[PDB]
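**Q** One structure is given below, represented as structure tokens, and several questions about it will come after.
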Amino acid sequence: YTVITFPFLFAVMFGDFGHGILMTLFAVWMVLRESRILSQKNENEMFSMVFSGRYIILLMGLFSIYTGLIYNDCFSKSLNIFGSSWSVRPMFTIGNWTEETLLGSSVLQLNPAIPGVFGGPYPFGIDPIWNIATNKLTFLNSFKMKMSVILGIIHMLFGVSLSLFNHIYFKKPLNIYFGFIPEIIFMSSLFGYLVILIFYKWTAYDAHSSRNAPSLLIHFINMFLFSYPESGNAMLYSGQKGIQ
Amino acid sequence: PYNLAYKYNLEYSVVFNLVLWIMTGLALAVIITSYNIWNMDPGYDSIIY
Amino acid sequence: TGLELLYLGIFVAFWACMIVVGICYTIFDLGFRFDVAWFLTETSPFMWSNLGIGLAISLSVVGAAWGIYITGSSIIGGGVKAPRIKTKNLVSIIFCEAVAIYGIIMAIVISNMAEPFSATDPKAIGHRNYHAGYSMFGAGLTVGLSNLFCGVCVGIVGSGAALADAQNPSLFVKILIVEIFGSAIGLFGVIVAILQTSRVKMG
Amino acid sequence: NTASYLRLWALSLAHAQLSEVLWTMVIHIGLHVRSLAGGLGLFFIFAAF
Amino acid sequence: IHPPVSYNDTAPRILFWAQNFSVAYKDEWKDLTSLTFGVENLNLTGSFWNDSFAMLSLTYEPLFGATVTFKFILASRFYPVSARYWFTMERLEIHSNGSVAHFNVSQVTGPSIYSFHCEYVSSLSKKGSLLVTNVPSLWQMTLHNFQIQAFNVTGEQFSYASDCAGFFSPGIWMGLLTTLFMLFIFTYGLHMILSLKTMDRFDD
Amino acid sequence: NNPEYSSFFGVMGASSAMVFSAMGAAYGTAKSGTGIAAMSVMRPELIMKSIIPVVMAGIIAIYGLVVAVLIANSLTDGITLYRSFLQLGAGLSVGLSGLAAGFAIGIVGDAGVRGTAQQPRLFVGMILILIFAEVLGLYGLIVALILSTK
Amino acid sequence: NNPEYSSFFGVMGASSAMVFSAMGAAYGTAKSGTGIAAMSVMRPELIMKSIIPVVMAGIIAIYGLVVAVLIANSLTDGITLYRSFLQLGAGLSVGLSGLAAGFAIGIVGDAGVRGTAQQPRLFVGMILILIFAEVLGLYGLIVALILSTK
Amino acid sequence: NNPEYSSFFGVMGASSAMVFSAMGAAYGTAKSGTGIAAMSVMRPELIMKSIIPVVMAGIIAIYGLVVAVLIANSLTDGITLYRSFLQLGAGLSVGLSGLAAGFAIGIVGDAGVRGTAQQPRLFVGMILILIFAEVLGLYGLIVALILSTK
Amino acid sequence: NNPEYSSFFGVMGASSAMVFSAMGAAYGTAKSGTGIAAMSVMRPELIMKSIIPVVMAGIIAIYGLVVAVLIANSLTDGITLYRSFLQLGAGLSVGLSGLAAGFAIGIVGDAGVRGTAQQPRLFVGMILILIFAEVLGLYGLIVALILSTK
Amino acid sequence: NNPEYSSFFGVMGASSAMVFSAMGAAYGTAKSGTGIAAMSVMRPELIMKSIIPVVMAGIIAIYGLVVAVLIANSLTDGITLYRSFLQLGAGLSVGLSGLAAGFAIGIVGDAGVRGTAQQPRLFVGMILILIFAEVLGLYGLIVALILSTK
Amino acid sequence: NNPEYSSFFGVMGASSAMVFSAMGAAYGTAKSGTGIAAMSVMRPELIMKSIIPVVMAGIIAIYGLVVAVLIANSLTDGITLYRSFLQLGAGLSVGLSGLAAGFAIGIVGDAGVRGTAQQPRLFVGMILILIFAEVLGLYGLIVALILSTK
Amino acid sequence: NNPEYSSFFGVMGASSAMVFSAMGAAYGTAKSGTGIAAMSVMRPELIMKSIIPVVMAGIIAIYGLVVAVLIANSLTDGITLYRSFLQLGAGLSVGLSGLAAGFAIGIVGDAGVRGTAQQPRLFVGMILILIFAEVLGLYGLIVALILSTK
Ligand SMILES: *[C@@H]1O[C@H](CO)[C@@H](O[C@@H]2O[C@H](CO)[C@@H](O)[C@H](O)[C@H]2NC(C)=O)[C@H](O)[C@H]1NC(C)=O
Ligand SMILES: *[C@@H]1O[C@H](CO)[C@@H](O[C@@H]2O[C@H](CO)[C@@H](O)[C@H](O)[C@H]2NC(C)=O)[C@H](O)[C@H]1NC(C)=O
Ligand SMILES: *[C@@H]1O[C@H](CO)[C@@H](O[C@@H]2O[C@H](CO)[C@@H](O)[C@H](O)[C@H]2NC(C)=O)[C@H](O)[C@H]1NC(C)=O
Ligand SMILES: *[C@@H]1O[C@H](CO)[C@@H](O[C@@H]2O[C@H](CO)[C@@H](O)[C@H](O)[C@H]2NC(C)=O)[C@H](O)[C@H]1NC(C)=O
């Protein structure tokens, strides 16, 4: 049931394009030589484990290649394919941040970071400009944590949902109608709400929409904790209190 | 003295702190190494008697 | 035991010096010089905040390390005769590691309320900032210490249960409750760490 | 387990930072000016990479 | 040797003393120690005393071609922390050609009963940054071994001196606490690594 | 009006009320669990009826949490430097009462669990001593609760 | 007229009283439980007749709580920096005396329960010796009273 | 004038006088109790005659209580800080002398109870050596009294 | 307004981040080397099989080195005293995390090396436990990186 | 403003680097010498082969030297108190990393040299583990070279 | 002007440059003496050849002498608080390096001398290891020079 | 003006010199006497030739006296705090050097005296080591001279 969606093919989270191609090359050379490898004597028990795992190693290499492509970090150096979005001349000429040729190298060291008339995501992955920037850490941290939450919630939801089929196969209607429905209900009501909130925050805002303060990063991911007793303020869109 | 003035102190913070800390560090080093050399173990094998 | 003697000597000497300097200060009618308020004021709140964050994550991680090694040695010792325990008991190990996780996310939340100052004087500039810095340092110390201590407790209990499993493999389920009680105690620590820094403004 | 699902992302961040620092510490040093001197030893530095 | 300047309209109220009180306008240093301490008469016009205020004014007609006036402001009140009266220097003003330059004192304060003393009271950073203001000015003044008393003063002699040199400075205390935490961690590591032993004999 | 730095003592009191209570709970639970894991090999039929010391060790943390939550909710930036001292004292008192109660609970649970492992009839008597140990813990709660709001 | 931070000494005096009475009671209960568990392997009947030291630890805890709550009820913002030191002194005295008496009670009970298990006629000595140790703690209470209500 | 605040020294002296004497008496009671518990297994008929060290420790505690109540009765807000130093000196001297006497009588009673298990003639011998112990304590009492009313 | 001595905190943050991780790696290497030397006397073919605890200590040292290099490269003359404390906190955190990780790595690596010398089938399971150790140190690194910006 | 007492920090950093590297090298040399002396009684023909570990320990000492040299050519009375902190941090980092490396190299060298005396097959693995220890020291050097220059 | 107390540092450096190294040498000599006690009884014919550790200790003492003498004559009342700090650092570094070198000298000499009482062939290796430790002390002196001239 | 309490530093320096020289000599002669008493039953007729370590340890007192005299002669009220610091440093250096000589002399005397009781021919080798320890103290003396008249 799992194979690919298992936590053994998303067992990369380190895809660096080149690292994936290296793993695939090693595993492919080893699979091409498996005949003489099994025909010849074994080298060491670790080699025996690697021989038992060759198939998983190769397919994990393919998935690492794909994850490196979507991450757009080839040996920690990004790849520019079919545009990169962003610019500087529109940001400075329109934004009155011009005449910083040498003044920007004398007065505004590492200062300029403002979106003017911009936007539009990379058609495939993450823009290389985020890689060559210095706010890379914050944006990547927020993106990876949100991807974390969504991936983990959908995975655990699928894992629990498989148990419903597992139990309906083994008759037992009392447990199905009394033991696992509460589990799914609680899990959904506590985590799918967080996932939907993450997606809503992602979709229902824009660059020139931060509340008063310039950026605020996210400012709503964590203050909506697992209890949120009262007060809160900030984001209080109508109905959210009642739904909570 | 026409008036009971102070002791005309100096930049007490830096000199006092640094002197006290180097003094206690050197003293602690001395006592710890003298304690280590105090309990030197010759071995006390059967040769002793 | 020489290290213990040195530590005890430093402890007693420092405390004797402290009590003698306190009695000298109160005798010589020099109380105003021994100003705790000036110490808590002129000291930068940034140090308190960052030290709280560092301790919050570091105590958690070192308590988790204590637990994981104190249980792993037990597992490897007791798993020679019964290799089947090399993996099945692992359900009591991740607790300790998950305990360490209860730090990093916590270490994020407090770190989520850090701002620069651009101010130096303490008069009417920093009152709420003073409260925020001290409160977040206290929350960090709370989570770090509680998480470390629950980690060491859970590791101890897990080692005990792992050695119990070496003879009868059917008591692990009946004995799983103690370590989840310890993990819940760590959860209480994390909860109060949340509540302490829940309503604090920094700036 | 929701908290424990956060683990692999720490490996992701650590691997990214390790690759970036390895690059900026070895390759960034290896590629510079005076092409002859900047590439005569590039073989050894790149083998180390 | 020089007696301290004493504003004593009815009884000794303001006591002030230094050693090398000097002033520079547009970087023109000049010493006024003998012109304030050696000479008994002094243009103390405008000098004021109070139960909570003390404005000490010193005027010099021929200084820099104008009647240069120095005003020291002192204020005391009952602090709720200890239910005791604390005095705190507020500011100094320099009056010349109508222009009123300003200087803020940094930590000149103490109990009202006692008397304050400090080593260097100057605006130059090298000799202590005790005097500071945002707007730059042409007045650079230095006072060496500056002692002052304003309230609960009896007799012609200074009371006990609550000097501001201090055992600990905030920077030294922050550094000491940081090094203490580092030493704690390092010594825990050293103690736990020192309690490791080695094999004595092997299997065969 | 209100003196600065006045929340430092209150937050330190809350932090102590958590740390010490949780540490007493953790050590009591650890000792009781060690004893119960040791004894379970010889008589696994009485493991369920011997978790009570662990329950008590865990429950000391709940009074610790009650005090910490109460005085954290009551805390604010504008504390009068007198309520802060009261909360700090209450937190320290509850924390160290949890200390003593947890240590006593852990050691008495270990000893009584071993005794029940060899002599079953001790168990009932065991239970009595346990209550007396908690007679300590909740008492600390009192010296904070009436102290917290007054 | 009245300096603040005066309630500081009073609150920590009450807290120290309660805390140290708690430590003494916990030590007494711990040693008594260890001794009872050790002796219960052979004589199951004497278990219910040998829990006296635990009761003595409990009554020392009662005294500590009583004095602590007496200080707590006598704490107010307008404390005059004279009564507060009396509260601190009374609390520290009663708490530390209770700690010492509890330690003595615990060790004497640990010895006496094993002795009684070996010598059935030793229990009579109990009903004297513990009391003497016990009344030691009571002594502290009285001075606390004469130092608090004054 | 009342320089500084003498009440602090007065209460600290009274508290020290109580606690140190209480601790010494507790240690003496502990040693006597373990000795008598050990000896009861062989000669149970001599238990009643062996409680003398416990009674003398109680007497030491009585001396501590008497000096504490005497030294705290004179305590008042309007103290010139000289009577306060006399207060602290008397309290510290009596308490620490009582602690020393308790230490000595504890060891002496333990060893004598060891000895008397075989040789009853040693019992009267105790009445010599043991007595000097509380004489030491009594000595502290007198140097407190002259200090208390100097 | 740039305060003096600002770079001091960041400098010792980097120094601690390097040094504590180095000490943890050294301890792990020493313990695992002793274990390997003990095990190799009877199973010579299993030397390179379980040399991995040494490379694990090397990995912890690498984490320390990368954090220290990042902090040092982030260092400037005019630190606003808000960045310096961030760097110091991250450095101390990652340093003690590396120390603890090296501690666990060394102890568990020695244990597992002995076990795999005795029982060949135990290696892979040991792997899991051992790998968890690195994760703990890893956490320090990540909690430093977020602390490098916010 | 060129404040005084600034060169003291850099001088202390250089001295600390030198002493800590010296102590690490001395510990490594002492452990290696003890091991080779204990093992040469049986198989003395390979003492030349076993000279390798201590040399690496000596290498650690050389490490410290260069750092000290880097301080010596960069010492001037006019230090802005910002570079002096950098020099002290670099010296402390390299010295303490060398000390940890010396601890590890001494322990592993002694244990493994005894193992090689008992089993020659260890020798190759020798030159692996020890390298890590040496590499560990090199790690610290890197930080120094980063911090000393900037 | 010029800090009058600056000389206090410089002379102190001289003091350090005399004590620690000498003390370390003493330790070495002392330890070597033990070896001579356990070697001449077996075979005293080569007692002349077993004086390497003591003469290395004497060389360390000579290093201490030369550095102390140099810092002594270079000391003067007109120092600028810069030369004083520099001399103090040089003296401390060379003295503690000599102490470490002497510790290593003593340990290695004793172990090897005890070993060579039955296996003469180790003696040549002796020199090499000895030289290393002696060379270690050399480094200390070197840094002293590199501080004195600059 | 001349700063006061400089005679404080000079007097403490001379006192420390005498104190530490006396302590070192006392320990050396103590260990030597223990060795002589141990060896006396072996060969009573060889007591005379075995007192060399005793007198060698006793010599430290004469350096102590000569340094104390050289400092006390220079003692005067009119000292500019620089001569006083020089004398204090010289006294500390010579005292600690004599202390090192005493430890080394005592240890080597005990060990070698036991050995020479076991085997005679060590005797001449004896004086060699002793003379080295002797010259070690000599080092302090000469540096004290350089630090006395300077
Ligand atoms: C106010 O202070 C001045 C300056 O000290 C006093 O002038 C007196 O001058 C005579 C001259 O020999 C000296 O006794 C002292 O310098 C001063 N005497 C006293 C008692 O201070 C002046 O007398 C003071 N006025 C009052 C009312 O005290
Ligand atoms: C007060 O200090 C000032 C500044 O040092 C002194 O003025 C100078 O002193 C030096 C002393 O070497 C002379 O060479 C200069 O000629 C002085 N410059 C002047 C007077 O403009 C002043 O002498 C000091 N006064 C006292 C009384 O010590
Ligand atoms: C003396 O003290 C009195 C207070 O009793 C001062 O009166 C007030 O001072 C403040 C401070 O400048 C002013 O803002 C108020 O306006 C004053 N009150 C009134 C009614 O005017 C007084 O200024 C102080 N100084 C003098 C010279 O009297
Ligand atoms: C106050 O104003 C008078 C105006 O005459 C200044 O006197 C002149 O100042 C200038 C420069 O400051 C000198 O070049 C002249 O020589 C001065 N005299 C004359 C007659 O012009 C005086 O300097 C001013 N005082 C201050 C303190 O600024």
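Note on naming: chains are A, B, ... as they come in the structure tokens, residues start from 1 per chain, ligands start from 1 in the order shown.
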At a cut-off of 12 Å, using only C-alpha atoms, what residues contact residue 101 in chain K? Leave out same-chain residues fewer than 3 positions from it and give the result as a PyMOL selection string.

**A** (chain J and resi 19-30+58+61) or (chain K and resi 20-29+53+56-61+63-64+94-98+104-109+129-141)

**Q** To check your reading of the model: which residues sit at most 9 Å from ligand 2 when counting only C-alpha atoms and all ligand atoms? Write the answer as number ranges by chain.

**A** E: 19-22, 28-34, 142, 144

**Q** Please, could you write that set of residues out with N, CA and C atoms as a PDB file, in the first residue's frame?

**A**
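Once written, again_30.pdb looks like this:
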```pdb
ATOM      1  N   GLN E  19      39.620  69.737  41.486  1.00  0.00           N
ATOM      2  CA  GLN E  19      41.068  69.919  41.478  1.00  0.00           C
ATOM      3  C   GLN E  19      41.585  70.646  40.249  1.00  0.00           C
ATOM      4  N   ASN E  20      41.099  70.299  39.062  1.00  0.00           N
ATOM      5  CA  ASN E  20      41.561  70.877  37.804  1.00  0.00           C
ATOM      6  C   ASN E  20      40.368  71.233  36.923  1.00  0.00           C
ATOM      7  N   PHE E  21      39.401  71.943  37.501  1.00  0.00           N
ATOM      8  CA  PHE E  21      38.242  72.397  36.743  1.00  0.00           C
ATOM      9  C   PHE E  21      38.688  73.265  35.573  1.00  0.00           C
ATOM     10  N   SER E  22      38.515  72.766  34.350  1.00  0.00           N
ATOM     11  CA  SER E  22      38.979  73.451  33.151  1.00  0.00           C
ATOM     12  C   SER E  22      37.880  73.451  32.099  1.00  0.00           C
ATOM     13  N   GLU E  28      39.684  75.577  23.046  1.00  0.00           N
ATOM     14  CA  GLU E  28      40.623  76.543  23.627  1.00  0.00           C
ATOM     15  C   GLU E  28      40.636  76.300  25.135  1.00  0.00           C
ATOM     16  N   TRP E  29      41.510  75.398  25.573  1.00  0.00           N
ATOM     17  CA  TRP E  29      41.535  74.987  26.970  1.00  0.00           C
ATOM     18  C   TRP E  29      42.012  76.121  27.870  1.00  0.00           C
ATOM     19  N   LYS E  30      41.385  76.235  29.039  1.00  0.00           N
ATOM     20  CA  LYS E  30      41.774  77.217  30.038  1.00  0.00           C
ATOM     21  C   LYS E  30      41.351  76.711  31.409  1.00  0.00           C
ATOM     22  N   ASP E  31      42.239  76.877  32.386  1.00  0.00           N
ATOM     23  CA  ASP E  31      41.991  76.419  33.746  1.00  0.00           C
ATOM     24  C   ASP E  31      41.422  77.551  34.591  1.00  0.00           C
ATOM     25  N   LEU E  32      40.426  77.219  35.412  1.00  0.00           N
ATOM     26  CA  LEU E  32      39.774  78.187  36.285  1.00  0.00           C
ATOM     27  C   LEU E  32      39.839  77.772  37.751  1.00  0.00           C
ATOM     28  N   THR E  33      40.769  76.882  38.106  1.00  0.00           N
ATOM     29  CA  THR E  33      40.853  76.405  39.483  1.00  0.00           C
ATOM     30  C   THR E  33      41.161  77.545  40.446  1.00  0.00           C
ATOM     31  N   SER E  34      42.189  78.340  40.141  1.00  0.00           N
ATOM     32  CA  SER E  34      42.530  79.462  41.008  1.00  0.00           C
ATOM     33  C   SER E  34      41.490  80.572  40.929  1.00  0.00           C
ATOM     34  N   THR E 142      36.152  69.810  31.868  1.00  0.00           N
ATOM     35  CA  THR E 142      36.619  68.686  32.663  1.00  0.00           C
ATOM     36  C   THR E 142      36.697  69.097  34.125  1.00  0.00           C
ATOM     37  N   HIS E 144      38.182  67.341  37.799  1.00  0.00           N
ATOM     38  CA  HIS E 144      38.995  66.281  38.378  1.00  0.00           C
ATOM     39  C   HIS E 144      38.715  66.190  39.870  1.00  0.00           C
TER      40      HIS E 144
END
```

**Q** Give me the residues near residue 3 in chain D as a compact mmCIF listing (two decimals) with C-alpha atoms, in the first residue's frame, where near means some atom within 8 Å (using only C-alpha atoms) and where sequence neighbours in that chain fewer than 2 positions away do not count.

**A**
```txt
# COMPACT_ATOMS: atom_id res chain seq x y z
CA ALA C 98 10.35 13.45 21.36
CA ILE C 101 11.47 18.04 20.32
CA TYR C 102 9.31 19.65 23.01
CA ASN D 1 3.60 12.23 16.45
CA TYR D 5 6.94 14.48 12.17
CA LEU D 6 9.06 17.65 12.35
```

**Q** Name each residue within 9 Å of ligand 3, counting only C-alpha atoms and all ligand atoms, as an MDAnalysis selection string.

**A** chainID E and resid 48:55

**Q** Could you write out the selected residues, including N, CA, C and O atoms, as a PDB file, in the first residue's frame?

**A**
```pdb
ATOM      1  N   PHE E  48      20.597  79.512  44.053  1.00  0.00           N
ATOM      2  CA  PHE E  48      19.310  79.184  44.644  1.00  0.00           C
ATOM      3  C   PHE E  48      19.426  77.914  45.472  1.00  0.00           C
ATOM      4  O   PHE E  48      20.128  76.977  45.087  1.00  0.00           O
ATOM      5  N   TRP E  49      18.730  77.892  46.607  1.00  0.00           N
ATOM      6  CA  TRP E  49      18.629  76.702  47.436  1.00  0.00           C
ATOM      7  C   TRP E  49      17.169  76.433  47.767  1.00  0.00           C
ATOM      8  O   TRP E  49      16.316  77.321  47.695  1.00  0.00           O
ATOM      9  N   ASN E  50      16.895  75.187  48.140  1.00  0.00           N
ATOM     10  CA  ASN E  50      15.537  74.712  48.349  1.00  0.00           C
ATOM     11  C   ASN E  50      15.601  73.484  49.242  1.00  0.00           C
ATOM     12  O   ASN E  50      16.679  72.966  49.542  1.00  0.00           O
ATOM     13  N   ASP E  51      14.427  73.016  49.662  1.00  0.00           N
ATOM     14  CA  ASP E  51      14.346  71.712  50.304  1.00  0.00           C
ATOM     15  C   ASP E  51      14.363  70.570  49.298  1.00  0.00           C
ATOM     16  O   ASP E  51      14.524  69.413  49.701  1.00  0.00           O
ATOM     17  N   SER E  52      14.200  70.866  48.008  1.00  0.00           N
ATOM     18  CA  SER E  52      14.247  69.847  46.972  1.00  0.00           C
ATOM     19  C   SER E  52      15.014  70.276  45.730  1.00  0.00           C
ATOM     20  O   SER E  52      15.124  69.479  44.793  1.00  0.00           O
ATOM     21  N   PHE E  53      15.543  71.497  45.685  1.00  0.00           N
ATOM     22  CA  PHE E  53      16.216  72.010  44.502  1.00  0.00           C
ATOM     23  C   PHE E  53      17.514  72.693  44.908  1.00  0.00           C
ATOM     24  O   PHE E  53      17.652  73.183  46.031  1.00  0.00           O
ATOM     25  N   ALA E  54      18.467  72.715  43.979  1.00  0.00           N
ATOM     26  CA  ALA E  54      19.748  73.373  44.218  1.00  0.00           C
ATOM     27  C   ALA E  54      20.334  73.780  42.873  1.00  0.00           C
ATOM     28  O   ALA E  54      20.856  72.934  42.144  1.00  0.00           O
ATOM     29  N   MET E  55      20.244  75.064  42.546  1.00  0.00           N
ATOM     30  CA  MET E  55      20.800  75.602  41.308  1.00  0.00           C
ATOM     31  C   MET E  55      22.014  76.446  41.678  1.00  0.00           C
ATOM     32  O   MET E  55      21.874  77.553  42.205  1.00  0.00           O
TER      33      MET E  55
END
```
